[PDB]
Amino acid sequence: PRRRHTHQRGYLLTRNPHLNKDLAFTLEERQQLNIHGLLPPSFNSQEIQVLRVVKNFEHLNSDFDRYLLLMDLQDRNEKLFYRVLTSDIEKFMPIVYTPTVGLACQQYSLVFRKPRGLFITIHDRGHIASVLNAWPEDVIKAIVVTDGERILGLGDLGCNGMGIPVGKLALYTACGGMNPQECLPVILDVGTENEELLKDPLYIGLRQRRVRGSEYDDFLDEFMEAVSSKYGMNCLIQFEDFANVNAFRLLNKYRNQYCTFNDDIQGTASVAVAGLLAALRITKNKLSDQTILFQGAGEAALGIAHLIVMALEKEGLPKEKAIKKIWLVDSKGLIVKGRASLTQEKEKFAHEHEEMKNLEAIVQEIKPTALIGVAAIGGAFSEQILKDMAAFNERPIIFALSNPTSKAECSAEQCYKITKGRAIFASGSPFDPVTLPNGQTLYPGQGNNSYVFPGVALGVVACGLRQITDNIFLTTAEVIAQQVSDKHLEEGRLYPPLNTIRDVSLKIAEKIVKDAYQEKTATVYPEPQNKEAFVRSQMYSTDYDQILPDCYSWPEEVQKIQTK
Amino acid sequence: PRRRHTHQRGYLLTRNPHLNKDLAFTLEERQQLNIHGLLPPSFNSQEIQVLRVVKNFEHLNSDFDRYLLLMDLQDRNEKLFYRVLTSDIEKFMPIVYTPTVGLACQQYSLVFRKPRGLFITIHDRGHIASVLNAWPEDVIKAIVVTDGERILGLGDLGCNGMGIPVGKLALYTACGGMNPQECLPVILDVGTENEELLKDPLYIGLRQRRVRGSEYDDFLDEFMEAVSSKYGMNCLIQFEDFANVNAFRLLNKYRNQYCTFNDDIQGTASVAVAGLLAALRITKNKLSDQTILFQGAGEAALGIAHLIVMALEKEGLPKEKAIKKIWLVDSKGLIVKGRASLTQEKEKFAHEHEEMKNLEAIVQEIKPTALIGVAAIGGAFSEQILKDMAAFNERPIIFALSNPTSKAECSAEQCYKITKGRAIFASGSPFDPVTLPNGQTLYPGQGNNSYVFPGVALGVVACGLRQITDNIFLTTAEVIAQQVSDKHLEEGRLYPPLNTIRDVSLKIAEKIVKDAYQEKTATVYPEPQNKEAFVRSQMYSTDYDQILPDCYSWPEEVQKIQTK
Amino acid sequence: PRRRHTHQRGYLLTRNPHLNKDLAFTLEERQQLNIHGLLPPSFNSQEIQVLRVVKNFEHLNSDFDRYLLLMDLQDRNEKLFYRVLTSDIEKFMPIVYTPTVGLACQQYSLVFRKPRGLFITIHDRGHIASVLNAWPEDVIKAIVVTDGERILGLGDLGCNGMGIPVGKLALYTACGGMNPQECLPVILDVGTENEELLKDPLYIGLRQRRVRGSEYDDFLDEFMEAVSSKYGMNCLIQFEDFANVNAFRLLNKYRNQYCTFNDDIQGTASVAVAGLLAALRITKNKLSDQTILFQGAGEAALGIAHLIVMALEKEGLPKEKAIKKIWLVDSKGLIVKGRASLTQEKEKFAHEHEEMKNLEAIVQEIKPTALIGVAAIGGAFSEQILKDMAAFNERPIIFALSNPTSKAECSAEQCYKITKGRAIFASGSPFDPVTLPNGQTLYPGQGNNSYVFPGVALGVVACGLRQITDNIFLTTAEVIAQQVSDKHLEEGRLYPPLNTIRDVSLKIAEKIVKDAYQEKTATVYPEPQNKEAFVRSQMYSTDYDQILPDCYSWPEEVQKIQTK
Ligand SMILES: NC(=O)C1=CN([C@@H]2O[C@H](COP(=O)(O)OP(=O)(O)OC[C@H]3O[C@@H](n4cnc5c(N)ncnc54)[C@H](OP(=O)(O)O)[C@@H]3O)[C@@H](O)[C@H]2O)C=CC1
Ligand SMILES: NC(=O)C1=CN([C@@H]2O[C@H](COP(=O)(O)OP(=O)(O)OC[C@H]3O[C@@H](n4cnc5c(N)ncnc54)[C@H](OP(=O)(O)O)[C@@H]3O)[C@@H](O)[C@H]2O)C=CC1
Ligand SMILES: NC(=O)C1=CN([C@@H]2O[C@H](COP(=O)(O)OP(=O)(O)OC[C@H]3O[C@@H](n4cnc5c(N)ncnc54)[C@H](OP(=O)(O)O)[C@@H]3O)[C@@H](O)[C@H]2O)C=CC1
Ligand SMILES: CCCc1nc2c(C)ccn(Cc3ccc4nc(-c5ccccc5-c5nnn[nH]5)sc4c3)c-2n1
Ligand SMILES: CCCc1nc2c(C)ccn(Cc3ccc4nc(-c5ccccc5-c5nnn[nH]5)sc4c3)c-2n1
Ligand SMILES: CCCc1nc2c(C)ccn(Cc3ccc4nc(-c5ccccc5-c5nnn[nH]5)sc4c3)c-2n1
Ligand SMILES: [Mn+2]
Ligand SMILES: [Mn+2]
Ligand SMILES: [Mn+2]
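Residue numbers (UniProt numbering), protein chains in the order written: chain A, 6 to 569; chain B, 6 to 569; chain C, 6 to 569.
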């Protein structure tokens with residue numbers, strides 16, 4: 006076990022969730038820590054503590070009640086919290102993170118009990134350094150920050166968006182083995198445009214409209230200098246759930262000077278491309294053979310498209326040819342050269358072509374090999390679309406990435422039925438196994454951002470990468486695809502099973518670290534002989550640290566009290 | 006507003022439920038206490054915090070879940086918790102104490118989250134002093150202690166008994182203004198006979214049978230010494246939920262040397278007598294004039310009868326006259342001279358008489374003016390009993406004290422119906438108002454122990470009474486009955502409204518204090534001018550304290566930084 | 006030994022002079038306290054520690070430097086400091102207190118290093134309570150307070166007077182076994198009249214003239230309130246080195262409400278009367294037989310005289326007759342009826358007699374059997390006066406109480422020479438033993454206040470006396486006199502030896518405690534069986550406490566970590 010000799014003693018030690026073991030404290034520990042008597046007189050193994058929590062967990066009636074229970078656990082005993090989470094990652098992920106964390110953010114102001122994370126507001130402009138000073142952990146290696154302007158599919162929840170950094174960093178630890186004590190969740194509160202919350206007597210945020218323009222920009226600037234100043238330039242800064250206009254803009258602004266990335270853009274890209282790469286092992290052809298059609302042309306679609314182009318360039322195809330293989334549809338229709346209401350980023354994919362408004366006709370005209378839904382329009386992949394995709398393609402790739410199930414472009418059932426079982430399918434939300442007439446059962450997987458971010462962070466932090474290139478995300482996509490077995494593919498899965506996420510994260514971190522030492526981008530020296538064991542050594546374990554003083558004798562002659 | 010200049014700062018301050026205000030911390034408070042940023046950017050008044058708690062409380066689906074919410078609150082923000090309680094004492098008391106705390110204790114080992122109170126076990130024999138060292142508050146004035154052998158009406162729940170001292174002390178504070186910071190809930194774990202808990206892998210207590218005999222006696226001896234030695238002879242020690250045999254033995258053992266009482270014995274006698282005294286103002290005669298028949302002859306019965314005799318003596322009746330006014334019935338029947346299976350204590354009321362077993366006949370024979378049910382046999386005041394009571398008496402006094410209502414000697418509805426509205430009625434457990442055919446509504450009250458202990462503690466402590474005589478309990482009964490208005494009595498109520506209990510507690514303490522100075526038994530000096538103001542000044546307020554450093558300038562001449 | 010279980014650990018523990026043992030911490034203590042490595046790797050017994058300190062002490066070149074060394078010691082290791090002191094009380098007393106402390110106070114502003122004691126200024130008026138909150142010890146039982154207006158014979162030293170309360174409390178502990186952690190030295194800074202300090206750039210106090218009048222009076226009132234309110238009414242409050250009018254005035258004002266005394270007045274009275282009482286065992290006659298002449302009629306003379314009168318009334322003489330036995334001489338000369346410049350307090354001894362201004366003739370006129378010098382006029386007991394005293398008395402009682410040596414009414418040498426060895430002599434400042442012409446040596450002792458205050462404080466606090474009557478001082482004088490052996494009296498010693506002082510203090514306290522239970526004035530209950538052992542148990546030892554957690558096992562069955 007890890008040794009960490011605490012100077013804390015008495016009641017206040019029990020109040021630190023990194024020190025507190027509850028009933029797992031032995032008699033010897035309790036007496037030595039001066040807490041003997043503050044706990045009932047029984048001694049639990051971690052397995053006994055897990056049993057208690059699960060029994061409670063099962064007696065609860067909603068996902069929300071389940072979330073509240075686990076969050077109470079997080080704030081009492083960090084190690085037990087992660088022991089529970091990792092005892093069944095597939096069960097607990099959807100409780101502490103999406104989709105449930107969604108309801109928690111809607112209900113954040115109502116249920117606000119024990120705070121988690123650092124709140125920095127626009128009125129602390131010029132004073133961010135001293136806001137940081139309140140955080141009780143000096144050594145921080147990963148930050149997740151939101152301004153709450155675009156939480157999941159729920160829009161502007163302002164300060165209620167604190168649930169996202171908190172639950173995200175939970176997964177950083179549970180999935181990727183980041184040390185939670187080195188993790189810092191942040192919300193930047195500049196106001197909200199959410200009208201209910203402005204009216205709500207219980208709202209915990211700044212009761213004002215969002216501050217915009219160059220004052221916003223200068224506040225974000227200060228946030229970046231203060232954090233990197235205090236925690237070092239190797240501290241990872243991950244943005245989440247910013248508005249569309251800020252997300253790309255800020256990533257572009259900072260990415261070259263700070264150790265930062267944005268999961269809504271780059272993580273989404275990685276995991277989508279990972280699913281494509283896996284699907285290629287079914288179609289048995291190259292990426293350069295594909296024609297990609299995106300329904301949607303937002304953060305998801307443009308991030309994904311950017312990374313596909315990069316994979317195509319890696320395969321040898323020049324950029325301006327790569328781009329021609331990708332078509333976009335937005336709310337105004339197909340993106341083509343000279344259309345009204347194009348942006349500069351949309352314009353890169355504006356190929357010469359007749360304007361088209363209707364998706365079914367777009368499909369019939371473009372005849373994609375791969376059709377990616379990222380528009381949040383439920384049912385968009387209609388019978389005709391699916392019929393057409395199966396007409397044009399042996400094994401049509403169809404990704405219904407919109408979340409949750411209700412917004413999904415089609416179900417697994419509809420996809421497999423209408424394509425007579427030939428579609429290669431993945432989705433944003435889980436769908437049950439589907440059994441086809443011929444008696445095969447298909448297990449369509451989910452392109453979960455959780456395959457990507459935990460291992461990327463671990464990797465980056467472990468070797469001290471100073472910038473996170475888009476190449477890290479391409480390389481990661483390859484690693485993920487690599488973990489899918491032929492048997493998985495023939496089962497219809499494009500992703501490794503969820504329960505292996507801890508292993509996926511390790512392999513992702515391993516590859517990043519090997520690469521950084523290879524190409525001299527690593528900053529942590531001396532270079533480790535064994536990259537595998539080096540990364541493992543940097544992972545947080547759910548086993549309790551020993552915290553007692555190191556006790557040991559000296560030889561009799563020199564240990565004894567001198568008198569005469 | 007009260008002061009409290011803490012040295013605590015930063016994260017650990019927020020972990021102290023005595024310092025922590027959560028959102029009620031002003032911006033100046035947060036910045037000054039080095040916690041600015043650990044909380045979301047809104048500043049809430051205490052009422053706004055109350056609304057948040059109450060909205061939460063409301064959406065819960067059981068009293069148990071409501072208990073868990075309030076207990077979580079207690080352990081995060083002690084003032085807010087007490088503000089919640091006192092905002093509707095009649096609504097909250099059944100949730101934090103009886104009957105909900107009963108389920109809490111049953112379930113304590115399953116739902117155990119953060120500890121409250123001090124656990125002292127048989128195996129700490131010889132070390133109790135050092136166990137006391139773990140308690141983080143040095144200044145303790147009130148202790149509630151249990152061995153969990155006889156929790157409410159649920160029997161032996163061993164270490165799970167800890168719910169009782171915690172809930173009991175919450176009522177000390179909420180109902181009587183005892184400072185929670187100065188209160189110590191204690192469980193002595195000597196084992197349990199509870200077979201279910203002994204089998205239960207989750208049980209938090211010692212997994213062994215109860216230690217008996219001298220080993221136990223020596224342990225309690227050391228308990229009393231350690232506690233009074235550390236907290237001083239002025240510190241109140243209240244026994245609760247001991248086995249009846251022990252309860253009486255231990256009170257007898259310690260009452261003359263320590264500041265100790267037993268609420269199951271003495272508080273019960275006090276509140277029953279209080280009801281009787283109130284009833285005398287409807288019957289419009291003397292306690293002297295009554296013939297009392299007790300259904301039951303156990304801890305409740307013998308305690309109440311003892312105090313009745315003392316009230317009779319005080320009226321001017323000699324003991325041996327007093328005594329003949331009280332008859333008891335046990336499981337074997339009427340207590341009569343020379344009957345079998347009698348004890349020394351039941352002997353005091355063994356009058357010369359034919360043995361009888363049937364309560365209806367006993368009733369027809371004794372013809373009491375007052376029938377007091379304390380047998381825990383539901384339905385024992387039958388139709389015939391009620392009929393006879395109302396034929397023998399204009400206004401028959403009928404107390405159905407057995408708890409909960411399902412064990413009550415009769416319901417209020419039956420009592421009022423069969424006595425044709427003539428019975429003066431009180432119960433142990435709440436009954437609904439009853440409306441007579443003449444359109445008058447009667448509101449039978451409850452002889453809630455909560456009318457007695459909060460005020461008695463406040464009194465004993467405020468004036469430094471070294472011992473708690475039985476006369477304290479006679480006095481307290483008189484004070485309670487005196488708070489009942491003629492209007493209340495006309496409404497069938499024998500007790501002051503539960504929502505006034507703060508006031509009732511103050512008046513009880515006023516009287517104890519006034520008495521103590523008068524007959525020179527107080528130990529706090531100098532003697533206060535105005536005894537109401539003095540007691541008032543000893544009571545804990547739910548208002549937040551100010552804990553900011555005291556800041557004030559000096560004249561500039563002597564404040565200047567000297568130079569040369 | 007004694008146990009004090011601290012939650013302190015690591016560096017800061019070593020900064021607490023009550024926890025810090027330096028090299029006397031064992032290896033196991035160091036490891037357990039998280040300080041192993043902060044000390045060099047040798048383990049010293051207390052005696053080795055004492056040897057180091059004493060070696061340094063003897064290499065220094067002045068008493069002043071010795072003072073600075075021991076004061077540095079007091080501020081790093083309290084137990085070792087007091088071990089050193091007590092190892093040779095006669096040697097160390099004059100270093101930490103008079104006369105060396107006088108130089109310390111004159112130099113206090115220059116040599117100021119680490120603070121000791123609490124500074125409270127007139128500018129803190131209204132805020133005294135909050136000043137008290139800075140003191141890190143909540144349990145306070147003895148306070149010594151000065152305004153620094155009359156320090157020793159060095160007049161007004163303002164804030165530089167802090168040396169007096171500090172040094173005085175050291176003697177409380179060293180001499181009387183008061184717990185130093187329970188003692189609080191205070192200076193009240195209302196300004197100074199000292200022109201050299203007012204002019205000095207380094208002066209540490211308020212650079213202003215003294216606030217007089219009701220502003221002063223109101224300040225002192227708040228002080229008594231705040232201190233009694235925070236520490237309780239049993240907290241001892243000893244006034245020291247106030248101006249003369251203030252001292253009496255303040256003593257009269259508060260003595261009836263507060264547990265307070267003034268050592269300059271009452272301590273002085275007690276020790277001088279102890280000396281007288283001792284001398285009566287040489288002259289083998291009664292106090293009522295004496296004719297007493299005071300050279301001086303200030304604080305010392307009037308307090309001694311008042312206590313003599315009390316002792317005379319105790320022997321059986323009405324006050325009006327006892328008064329006749331005492332003659333005062335002031336700077337205007339013999340005090341008599343009608344005289345100009347008489348305060349109403351001198352009026353108490355203004356007998357019918359003609360004015361006289363020459364001491365020599367006052368002597369030859371009064372023919373006193375005892376002559377007491379408290380006028381601060383060096384050499385006033387001239388050869389002629391001494392010749393007369395020996396002519397008029399077989400054994401003249403002669404007290405040269407003025408301080409220091411240079412202000413003595415006569416030296417031991419001169420007194421013994423001129424009275425040809427028959428004078429019964431004691432002084433305020435120490436003289437060497439004197440070898441007479443017959444070759445016998447006499448050992449005049451010192452009427453040192455140290456004989457009185459440590460034992461008074463011990464007794465008062467031990468039994469919880471709420472006021473300190475003058476009778477305490479009379480009883481105390483008797484006790485000290487009883488400690489002088491006949492053999493000592495034959496050597497010319499009026500006082501028990503300085504190296505037995507702790508025993509004398511024990512005896513003084515025993516008597517106070519016996520008397521207080523005897524006449525029901527004690528407030529600590531229950532009454533101890535054995536008053537001797539009770540006072541002993543209250544005395545601070547110079548032995549180190551054990552501070553390690555109390556560790557002890559439970560039977561293996563219950564101590565076992567529980568699994569499934
Ligand atoms: N790993 C995963 O499962 C992930 C899934 N997603 C899913 O992708 C979806 C979109 O996310 P994101 O890109 O961040 O959102 P954005 O809001 O950035 O983009 C939404 C895009 O949809 C376009 N659009 C809206 N209506 C239509 C329509 N009727 N037909 C065609 N296009 C339309 C918008 O058009 P315009 O440009 O005209 O406004 C915009 O281009 C969500 O459902 C989300 O759940 C996202 C990230 C990850
Ligand atoms: N403030 C309140 O409202 C309070 C109410 N109570 C209630 O009073 C009831 C008794 O509690 P407590 O005195 O502590 O309990 P005990 O067990 O000490 O006393 C019970 C008594 O009932 C007797 N009894 C049992 N069966 C019968 C029967 N068929 N006929 C007559 N007597 C019978 C027992 O007889 P034997 O001695 O032969 O066994 C015993 O004397 C409980 O229901 C409790 O809820 C108690 C305290 C306070
Ligand atoms: N235990 C001990 O050893 C103690 C010794 N002392 C010593 O006693 C001395 C006086 O102390 P204290 O009473 O506090 O001082 P005060 O200043 O209160 O008293 C001084 C007294 O001496 C008088 N005086 C001054 N000059 C003469 C003179 N020429 N002839 C006669 N009387 C004169 C003053 O007279 P007037 O009233 O006219 O001003 C005044 O009455 C100091 O030297 C002090 O060291 C004091 C306390 C304890
Ligand atoms: C791992 C691959 C990630 C990646 N690296 C990239 C580089 C270097 C360059 C370009 N992209 C594409 C990209 C990625 C995301 C994105 N969201 C946008 C957006 C979305 C909605 C609304 C407005 C805007 C908006 N419009 N204009 N500004 N903001 S536009 C946009 C472009 C990249 N993607
Ligand atoms: C406010 C007045 C309270 C009060 N002061 C009292 C004094 C001084 C003396 C006597 N009583 C009566 C009293 C009070 C309670 C009690 N429980 C008992 C008991 C209960 C159950 C089972 C066995 C026993 C049992 N049987 N024999 N021993 N234990 S017996 C018993 C007597 C008093 N009540
Ligand atoms: C153990 C005996 C204690 C004791 N109890 C006493 C009681 C109750 C009453 C009187 N004395 C005598 C006493 C004791 C000290 C003292 N200093 C004074 C003083 C000295 C110098 C200058 C002005 C004043 C001054 N003049 N007027 N006010 N201040 S006058 C004075 C009287 C007492 N001594
Ligand atoms: Mn997101
Ligand atoms: Mn009870
Ligand atoms: Mn002095």
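Quick reminder that beta carbons are idealized off the backbone N, C-alpha and C, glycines included.
Chain A contact residues for residue i, given Cβ-Cβ distances below 9 Å
i                      : result
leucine 207 of chain C : Within 9 Å Cβ-Cβ: nothing; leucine 207 of chain C doesn't reach chain A, min ~36 Å.
Contact set between residue i and chain C, taken where Cβ atoms lie within less than 8 Å
i                           : result
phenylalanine 48 of chain A : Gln564, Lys565, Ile566, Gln567
Partners in chain B for residue i, counting only beta-carbon separations shorter than 9 Å
i                     : result
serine 135 of chain C : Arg8, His10, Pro554, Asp555, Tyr557
Chain-ordered chain C contacts of residue i [CB-CB under 7 Å]
i                    : result
residue 1 of chain B : The requested residue 1 of chain B does not occur in the structure, where chain B is confined to residues 6 to 569.
Closest Cα partner of residue i within the set the options
i                       : options                                : result
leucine 32 of chain B   : B/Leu553, B/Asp268, B/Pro533           : B/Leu553
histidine 23 of chain B : B/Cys188, B/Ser432, B/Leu347           : B/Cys188
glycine 497 of chain A  : A/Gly450, A/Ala538, A/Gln349, A/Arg541 : A/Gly450
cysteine 468 of chain B : B/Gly321, B/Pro442, B/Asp520, B/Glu227 : B/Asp520
Residue i and residue j closer than 8 Å at C-beta
i                         : j                         : result
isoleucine 209 of chain C : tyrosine 72 of chain C    : no
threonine 273 of chain A  : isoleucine 242 of chain A : no
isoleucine 423 of chain C : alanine 284 of chain C    : no
heavy atom of ligand 4 below 7 Å from residue i C-beta
i                      : result
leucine 312 of chain A : yes
Members of the stretch 209-235 of chain C that neighbour chain B once the beta carbon cut-off is set at 8 Å: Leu211, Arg212, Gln213
Proximal residues, the stretch 103-115 of chain B versus chain A, C-beta separation under 7 Å: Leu115
Within 8 Å of chain C by C-beta, residues of the stretch 508-535 of chain B in sequence order: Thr528, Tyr530, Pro531
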